[PDB]
Each structure stands twice: as C-alpha cells, then as structure tokens.
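J.: Below you'll find data39.txt; it's compact mmCIF, C-alpha atoms.
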```txt
# COMPACT_ATOMS: atom_id res chain seq x y z
CA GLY A 1 36.37 -11.76 -42.03
CA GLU A 2 32.93 -12.26 -40.50
CA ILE A 3 32.91 -8.67 -39.30
CA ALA A 4 33.64 -7.60 -42.85
CA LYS A 5 30.84 -9.81 -44.14
CA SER A 6 28.20 -8.60 -41.69
CA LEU A 7 29.10 -5.01 -42.52
CA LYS A 8 28.43 -5.43 -46.24
CA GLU A 9 25.09 -7.00 -45.37
CA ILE A 10 24.44 -4.07 -43.07
CA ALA A 11 25.62 -1.75 -45.86
CA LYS A 12 23.26 -3.36 -48.35
CA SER A 13 20.27 -3.20 -46.02
CA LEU A 14 20.92 0.51 -45.43
CA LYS A 15 21.01 1.13 -49.16
CA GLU A 16 17.57 -0.49 -49.36
CA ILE A 17 16.31 1.44 -46.35
CA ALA A 18 17.69 4.61 -47.99
CA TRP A 19 15.83 3.86 -51.20
CA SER A 20 12.53 3.10 -49.44
CA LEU A 21 12.64 6.27 -47.34
CA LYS A 22 13.28 8.37 -50.46
CA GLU A 23 10.22 6.82 -52.04
CA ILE A 24 8.19 7.39 -48.88
CA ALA A 25 9.42 11.00 -48.87
CA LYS A 26 8.49 11.47 -52.50
CA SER A 27 5.02 10.00 -51.98
CA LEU A 28 4.20 12.16 -48.96
CA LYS A 29 4.49 15.21 -51.21
CA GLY A 30 1.46 14.19 -53.29
CA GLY B 1 33.61 -13.30 -30.95
CA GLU B 2 30.89 -11.21 -29.32
CA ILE B 3 31.43 -8.34 -31.72
CA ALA B 4 30.80 -10.70 -34.63
CA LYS B 5 27.64 -12.08 -33.01
CA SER B 6 26.29 -8.60 -32.30
CA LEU B 7 27.00 -7.60 -35.91
CA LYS B 8 25.04 -10.60 -37.17
CA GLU B 9 22.12 -9.66 -34.98
CA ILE B 10 22.41 -6.10 -36.23
CA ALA B 11 22.47 -7.28 -39.84
CA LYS B 12 19.32 -9.36 -39.28
CA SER B 13 17.35 -6.60 -37.60
CA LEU B 14 18.19 -4.34 -40.53
CA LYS B 15 16.84 -6.81 -43.08
CA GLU B 16 13.62 -6.79 -41.08
CA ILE B 17 13.62 -2.98 -41.02
CA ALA B 18 14.36 -2.87 -44.77
CA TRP B 19 11.41 -5.19 -45.44
CA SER B 20 8.93 -3.24 -43.31
CA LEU B 21 9.94 -0.03 -45.01
CA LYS B 22 9.38 -1.71 -48.38
CA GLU B 23 5.86 -2.55 -47.26
CA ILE B 24 5.36 0.98 -45.94
CA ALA B 25 6.56 2.49 -49.22
CA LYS B 26 4.14 0.22 -51.10
CA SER B 27 1.21 1.14 -48.85
CA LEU B 28 1.80 4.88 -49.21
CA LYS B 29 1.81 4.75 -53.01
CA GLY C 1 40.36 -1.99 -46.34
CA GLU C 2 36.92 -3.55 -46.79
CA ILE C 3 35.64 -2.63 -43.30
CA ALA C 4 36.53 1.01 -43.86
CA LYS C 5 34.81 0.84 -47.24
CA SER C 6 31.62 -0.65 -45.83
CA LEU C 7 31.67 1.88 -43.01
CA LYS C 8 32.14 4.58 -45.61
CA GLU C 9 29.06 3.30 -47.51
CA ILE C 10 27.09 2.91 -44.28
CA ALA C 11 27.93 6.55 -43.55
CA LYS C 12 26.75 7.66 -46.99
CA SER C 13 23.51 5.71 -46.68
CA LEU C 14 22.72 7.22 -43.28
CA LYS C 15 23.29 10.73 -44.70
CA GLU C 16 20.68 9.85 -47.34
CA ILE C 17 18.34 8.41 -44.70
CA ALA C 18 18.78 11.59 -42.59
CA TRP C 19 17.95 13.85 -45.56
CA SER C 20 14.84 11.81 -46.51
CA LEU C 21 13.51 11.88 -42.94
CA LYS C 22 13.94 15.71 -42.93
CA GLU C 23 11.87 15.80 -46.09
CA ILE C 24 9.24 13.56 -44.51
CA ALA C 25 9.25 15.70 -41.36
CA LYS C 26 8.86 18.84 -43.47
CA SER C 27 5.99 17.31 -45.39
CA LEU C 28 4.07 16.33 -42.26
CA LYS C 29 4.13 19.93 -41.03
CA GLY C 30 3.35 21.51 -44.39
CA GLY D 1 35.11 -4.53 -23.89
CA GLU D 2 33.15 -1.25 -24.23
CA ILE D 3 32.83 -1.81 -27.95
CA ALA D 4 31.01 -5.13 -27.46
CA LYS D 5 28.57 -3.69 -24.89
CA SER D 6 27.73 -0.80 -27.19
CA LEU D 7 27.09 -3.32 -29.97
CA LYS D 8 24.83 -5.43 -27.75
CA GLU D 9 22.83 -2.29 -26.88
CA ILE D 10 22.76 -1.35 -30.53
CA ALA D 11 21.44 -4.84 -31.28
CA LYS D 12 18.58 -4.51 -28.79
CA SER D 13 17.54 -1.08 -29.98
CA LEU D 14 17.38 -2.34 -33.58
CA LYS D 15 15.12 -5.18 -32.42
CA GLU D 16 12.78 -2.64 -30.83
CA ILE D 17 12.93 -0.55 -33.98
CA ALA D 18 12.12 -3.60 -36.18
CA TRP D 19 9.08 -4.46 -34.11
CA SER D 20 7.77 -0.89 -34.21
CA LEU D 21 8.13 -0.76 -38.00
CA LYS D 22 6.20 -4.07 -38.20
CA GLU D 23 3.46 -2.38 -36.23
CA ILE D 24 3.56 0.72 -38.40
CA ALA D 25 3.48 -1.42 -41.52
CA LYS D 26 0.41 -3.25 -40.25
CA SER D 27 -1.48 -0.03 -39.52
CA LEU D 28 -0.73 1.57 -42.88
CA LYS D 29 -2.20 -1.46 -44.64
CA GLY E 1 41.55 6.70 -38.79
CA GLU E 2 39.08 6.41 -41.65
CA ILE E 3 36.97 4.09 -39.51
CA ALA E 4 36.80 6.71 -36.78
CA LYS E 5 35.81 9.45 -39.23
CA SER E 6 33.12 7.15 -40.60
CA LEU E 7 31.79 6.25 -37.14
CA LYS E 8 31.51 9.95 -36.24
CA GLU E 9 29.61 10.82 -39.41
CA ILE E 10 27.35 7.89 -38.59
CA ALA E 11 26.95 9.13 -35.02
CA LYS E 12 26.08 12.57 -36.39
CA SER E 13 23.59 11.24 -38.91
CA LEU E 14 21.82 9.21 -36.26
CA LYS E 15 21.45 12.31 -34.09
CA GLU E 16 19.73 13.99 -37.03
CA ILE E 17 17.65 10.92 -37.74
CA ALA E 18 16.61 10.92 -34.09
CA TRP E 19 15.61 14.58 -34.27
CA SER E 20 13.57 14.10 -37.46
CA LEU E 21 11.75 11.02 -36.16
CA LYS E 22 10.87 13.04 -33.03
CA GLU E 23 9.36 15.78 -35.25
CA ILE E 24 7.45 13.13 -37.17
CA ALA E 25 6.20 11.56 -33.96
CA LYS E 26 5.01 15.00 -32.86
CA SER E 27 3.19 15.82 -36.11
CA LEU E 28 1.35 12.48 -36.23
CA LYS E 29 -0.73 13.25 -33.12
CA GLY E 30 -2.77 16.00 -34.78
CA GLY F 1 39.04 5.58 -27.48
CA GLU F 2 37.27 7.62 -30.15
CA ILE F 3 35.75 4.47 -31.73
CA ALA F 4 34.28 3.50 -28.35
CA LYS F 5 32.88 6.99 -27.83
CA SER F 6 31.22 7.06 -31.26
CA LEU F 7 29.61 3.70 -30.66
CA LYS F 8 28.16 4.89 -27.34
CA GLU F 9 26.65 7.92 -29.02
CA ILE F 10 25.32 5.61 -31.71
CA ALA F 11 23.72 3.46 -29.00
CA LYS F 12 22.03 6.46 -27.33
CA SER F 13 20.70 7.81 -30.62
CA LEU F 14 19.23 4.40 -31.45
CA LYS F 15 17.45 4.51 -28.08
CA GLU F 16 15.88 7.86 -28.94
CA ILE F 17 14.88 6.52 -32.35
CA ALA F 18 13.31 3.45 -30.72
CA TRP F 19 11.33 5.75 -28.43
CA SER F 20 10.13 7.89 -31.36
CA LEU F 21 9.07 4.91 -33.43
CA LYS F 22 7.02 3.64 -30.48
CA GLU F 23 5.16 6.98 -30.37
CA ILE F 24 4.62 6.90 -34.11
CA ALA F 25 3.23 3.36 -33.96
CA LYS F 26 0.70 4.36 -31.27
CA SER F 27 -0.66 7.37 -33.18
CA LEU F 28 -1.07 5.33 -36.37
CA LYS F 29 -3.36 2.87 -34.58
```
Can the structure from this file be put into structure tokens for me?

T.:
Amino acid sequence: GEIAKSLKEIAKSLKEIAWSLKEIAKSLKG
Amino acid sequence: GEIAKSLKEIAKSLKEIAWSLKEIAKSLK
Amino acid sequence: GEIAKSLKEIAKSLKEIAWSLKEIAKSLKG
Amino acid sequence: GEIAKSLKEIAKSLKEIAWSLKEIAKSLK
Amino acid sequence: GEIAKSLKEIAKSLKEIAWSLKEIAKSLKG
Amino acid sequence: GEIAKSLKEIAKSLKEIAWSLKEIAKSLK
C-alpha cells in the first residue's frame, strides 16, 4: 500500500522533472 | 518496513529535485 | 497492478529525461 | 535484504543530487 | 515480470542519463 | 534475483550522476 503510494509520488515528480528538462532543453537552443 | 521508508525518502528528494529544476527552467528563460 | 503501472510510468518518464539530457548535451557542444 | 540496501544507497545519492541542484539553481539566478 | 522489465529500462535510462550529465559536466568547463 | 541486480545498477548510476552534478555545480560558480 505505502510502497504503491510512494511510487505514484515518485512517478509524479518524474513527470515534472521530465517537463522541466524538456523546457530547459528547448531554451538552450535559443 | 525499510523499503517503505527508503521509498518515502526517495519521493521527498525527488520533490526537491523537481522544484530546483523548475527554478532552473525559469532562470534559463 | 498499481506498482507495475507506476514503474511503467517511471520508466517512460526516465526515457523522456534521458532524451532531453541528450538534447541539452548536444546543445552545449554545438 | 539486498533490495533494501540498494534503496538506502539510492536514497543517499538522491540527497546528494538534490543539494547539487539547489546549488546549480542558486548560481543560475 | 513486468516489474523486472520496467526496472531494467530504468537501469538503462539512468546509464544514459549518467553519460549525458558527464558530457554536460565536461562542456561546462570551457 | 534480477530485481536486485537492476536496483544495484540503478544505485551505481545514481552515484555517477551525483558525481557529475557536483562537477556541474562547481563550474557554474
């Protein structure tokens, strides 16, 4: 249960990290 | 037990990493 | 079920993170 | 057993990673 | 099963992520 | 067995990543 819960939080953080790195990538093109 | 505790620490570090990257994205724009 | 699902989403997010970092790496050379 | 130890090492590396991104975030501001 | 496949893709992505961050580290000196 | 092995490779990769991010932080100062 808790393991499942932590993993969706981990999953959600990685989605956010994924989004931010795409934006960083896009910006570094200039 | 320990696996759960490690996973909670992992989850928390990742929120911190997510936040810093938000700030970094904002600074580079 | 849910753990596998989260792990499957974690895997997809890291593929995206990997690709974005390649793009950033490419940009810093170029 | 081995699974827990890997997770505790994973936890510590993510803490190091979080701190470094804090540092990076500060410099880019 | 599915968990194992997911952990290996993750393991593989992190190797790539590691390589890219190394290239980034290298470029940022000059 | 395979789960344990994957987690150990995950742990080692996170160590490399931690090392890289340290180098990146220093150059950005």

J.: Superposition of chain C onto chain E by least squares over all sequentially paired C-alpha atoms; the transformed chain is requested as a compact mmCIF listing (two decimals) with C-alpha atoms, in the frame of the given file.

T.:
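Result file follows (superposed23.txt):
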```
# COMPACT_ATOMS: atom_id res chain seq x y z
CA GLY C 1 41.66 7.31 -38.50
CA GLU C 2 39.09 6.75 -41.25
CA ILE C 3 36.97 4.25 -39.28
CA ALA C 4 36.66 6.69 -36.40
CA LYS C 5 35.73 9.40 -38.88
CA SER C 6 33.04 7.31 -40.55
CA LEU C 7 31.72 6.27 -37.15
CA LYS C 8 31.70 9.93 -36.19
CA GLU C 9 29.63 10.75 -39.31
CA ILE C 10 27.37 7.75 -38.74
CA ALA C 11 26.78 9.10 -35.23
CA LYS C 12 25.93 12.56 -36.55
CA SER C 13 23.54 11.15 -39.15
CA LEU C 14 21.69 9.06 -36.57
CA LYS C 15 21.28 12.14 -34.34
CA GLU C 16 19.64 13.82 -37.35
CA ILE C 17 17.50 10.75 -38.04
CA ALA C 18 16.45 10.67 -34.34
CA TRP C 19 15.44 14.36 -34.40
CA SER C 20 13.43 13.97 -37.65
CA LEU C 21 11.54 10.95 -36.31
CA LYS C 22 10.64 12.99 -33.17
CA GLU C 23 9.26 15.65 -35.48
CA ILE C 24 7.31 13.03 -37.43
CA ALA C 25 6.03 11.51 -34.18
CA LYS C 26 4.98 14.95 -32.96
CA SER C 27 3.19 15.67 -36.20
CA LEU C 28 1.19 12.44 -36.12
CA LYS C 29 -0.19 13.32 -32.69
CA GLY C 30 -0.85 16.97 -33.45
```

J.: Sorted by chain and rising residue number, list the residues of chain A at most 8 Å from chain B (counting only C-alpha atoms), each with its closest atom pair and distance in Å to one decimal, as CSV.

T.:
```
residue,atom,partner,partner_atom,distance
A:2,CA,B:4,CA,6.4
A:3,CA,B:4,CA,5.5
A:6,CA,B:8,CA,5.9
A:7,CA,B:7,CA,7.4
A:9,CA,B:11,CA,6.1
A:10,CA,B:11,CA,5.0
A:13,CA,B:15,CA,5.8
A:14,CA,B:18,CA,7.4
A:16,CA,B:18,CA,6.1
A:17,CA,B:18,CA,5.0
A:20,CA,B:22,CA,5.8
A:21,CA,B:21,CA,7.2
A:23,CA,B:25,CA,6.3
A:24,CA,B:25,CA,5.2
A:27,CA,B:29,CA,6.2
A:28,CA,B:28,CA,7.7
```

J.: Rounded to one decimal, what separation in Å do you get between atom CA of residue E:12 and atom CA of residue A:25?

T.: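 Interatomic distance here is 20.9 Å.
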
J.: I'd like the box whose edges run along x, y and z of the file and which contains every listed atom of stretch 11-20 of chain B, padded by 4 Å per side; could you state its centre and edge lengths in Å, one decimal, as AutoDock Vina command-line options?

T.:
```
--center_x 15.7 --center_y -6.1 --center_z -41.5 --size_x 21.5 --size_y 14.5 --size_z 15.8
```

J.: By how many Å are atom CA of residue C:18 and atom CA of residue E:22 apart?

T.: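 Computing it gives 12.5 Å between the two atoms.
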
J.: Atom CA of residue E:26 and atom CA of residue C:26 are how many Å apart?

T.: 11.9 Å

J.: Please rebuild stretch 1-25 of chain A with N, CA and C atoms and return the result as a JSON list (two decimals), keeping the file's coordinate frame.

T.:
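Once everything was written out, this is part20.json:
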```
[["chain", "number", "residue", "atom", "x", "y", "z"],
["A", 1, "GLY", "N", 37.07, -11.16, -40.91],
["A", 1, "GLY", "CA", 36.37, -11.76, -42.03],
["A", 1, "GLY", "C", 34.87, -11.68, -41.86],
["A", 2, "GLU", "N", 34.36, -12.26, -40.78],
["A", 2, "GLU", "CA", 32.93, -12.26, -40.50],
["A", 2, "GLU", "C", 32.43, -10.84, -40.27],
["A", 3, "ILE", "N", 33.24, -10.06, -39.57],
["A", 3, "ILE", "CA", 32.91, -8.67, -39.30],
["A", 3, "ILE", "C", 32.76, -7.93, -40.62],
["A", 4, "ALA", "N", 33.69, -8.19, -41.53],
["A", 4, "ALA", "CA", 33.64, -7.60, -42.85],
["A", 4, "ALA", "C", 32.37, -8.01, -43.56],
["A", 5, "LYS", "N", 32.02, -9.29, -43.46],
["A", 5, "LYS", "CA", 30.84, -9.81, -44.14],
["A", 5, "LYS", "C", 29.53, -9.21, -43.62],
["A", 6, "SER", "N", 29.40, -9.16, -42.30],
["A", 6, "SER", "CA", 28.20, -8.60, -41.69],
["A", 6, "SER", "C", 28.03, -7.14, -42.09],
["A", 7, "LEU", "N", 29.15, -6.41, -42.15],
["A", 7, "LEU", "CA", 29.10, -5.01, -42.52],
["A", 7, "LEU", "C", 28.63, -4.77, -43.95],
["A", 8, "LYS", "N", 28.97, -5.64, -44.90],
["A", 8, "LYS", "CA", 28.43, -5.43, -46.24],
["A", 8, "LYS", "C", 26.95, -5.76, -46.28],
["A", 9, "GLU", "N", 26.52, -6.71, -45.46],
["A", 9, "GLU", "CA", 25.09, -7.00, -45.37],
["A", 9, "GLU", "C", 24.36, -5.82, -44.75],
["A", 10, "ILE", "N", 24.97, -5.26, -43.71],
["A", 10, "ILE", "CA", 24.44, -4.07, -43.07],
["A", 10, "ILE", "C", 24.41, -2.94, -44.09],
["A", 11, "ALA", "N", 25.50, -2.78, -44.83],
["A", 11, "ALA", "CA", 25.62, -1.75, -45.86],
["A", 11, "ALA", "C", 24.52, -1.87, -46.92],
["A", 12, "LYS", "N", 24.26, -3.10, -47.34],
["A", 12, "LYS", "CA", 23.26, -3.36, -48.35],
["A", 12, "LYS", "C", 21.85, -3.08, -47.85],
["A", 13, "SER", "N", 21.57, -3.47, -46.61],
["A", 13, "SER", "CA", 20.27, -3.20, -46.02],
["A", 13, "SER", "C", 20.01, -1.70, -45.91],
["A", 14, "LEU", "N", 21.05, -0.95, -45.55],
["A", 14, "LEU", "CA", 20.92, 0.51, -45.43],
["A", 14, "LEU", "C", 20.69, 1.19, -46.77],
["A", 15, "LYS", "N", 21.28, 0.64, -47.83],
["A", 15, "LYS", "CA", 21.01, 1.13, -49.16],
["A", 15, "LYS", "C", 19.54, 0.96, -49.49],
["A", 16, "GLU", "N", 18.99, -0.20, -49.14],
["A", 16, "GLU", "CA", 17.57, -0.49, -49.36],
["A", 16, "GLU", "C", 16.67, 0.40, -48.50],
["A", 17, "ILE", "N", 17.04, 0.57, -47.24],
["A", 17, "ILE", "CA", 16.31, 1.44, -46.35],
["A", 17, "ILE", "C", 16.35, 2.87, -46.89],
["A", 18, "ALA", "N", 17.52, 3.29, -47.35],
["A", 18, "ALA", "CA", 17.69, 4.61, -47.99],
["A", 18, "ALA", "C", 16.75, 4.79, -49.17],
["A", 19, "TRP", "N", 16.69, 3.78, -50.03],
["A", 19, "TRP", "CA", 15.83, 3.86, -51.20],
["A", 19, "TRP", "C", 14.37, 3.95, -50.81],
["A", 20, "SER", "N", 13.93, 3.10, -49.88],
["A", 20, "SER", "CA", 12.53, 3.10, -49.44],
["A", 20, "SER", "C", 12.11, 4.43, -48.80],
["A", 21, "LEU", "N", 12.96, 4.99, -47.95],
["A", 21, "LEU", "CA", 12.64, 6.27, -47.34],
["A", 21, "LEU", "C", 12.58, 7.42, -48.35],
["A", 22, "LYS", "N", 13.42, 7.39, -49.39],
["A", 22, "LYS", "CA", 13.28, 8.37, -50.46],
["A", 22, "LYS", "C", 11.93, 8.26, -51.13],
["A", 23, "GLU", "N", 11.52, 7.03, -51.42],
["A", 23, "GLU", "CA", 10.22, 6.82, -52.04],
["A", 23, "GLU", "C", 9.09, 7.25, -51.11],
["A", 24, "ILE", "N", 9.22, 6.97, -49.82],
["A", 24, "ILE", "CA", 8.19, 7.39, -48.88],
["A", 24, "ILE", "C", 8.13, 8.91, -48.88],
["A", 25, "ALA", "N", 9.30, 9.54, -48.85],
["A", 25, "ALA", "CA", 9.42, 11.00, -48.87],
["A", 25, "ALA", "C", 8.75, 11.59, -50.09]]
```
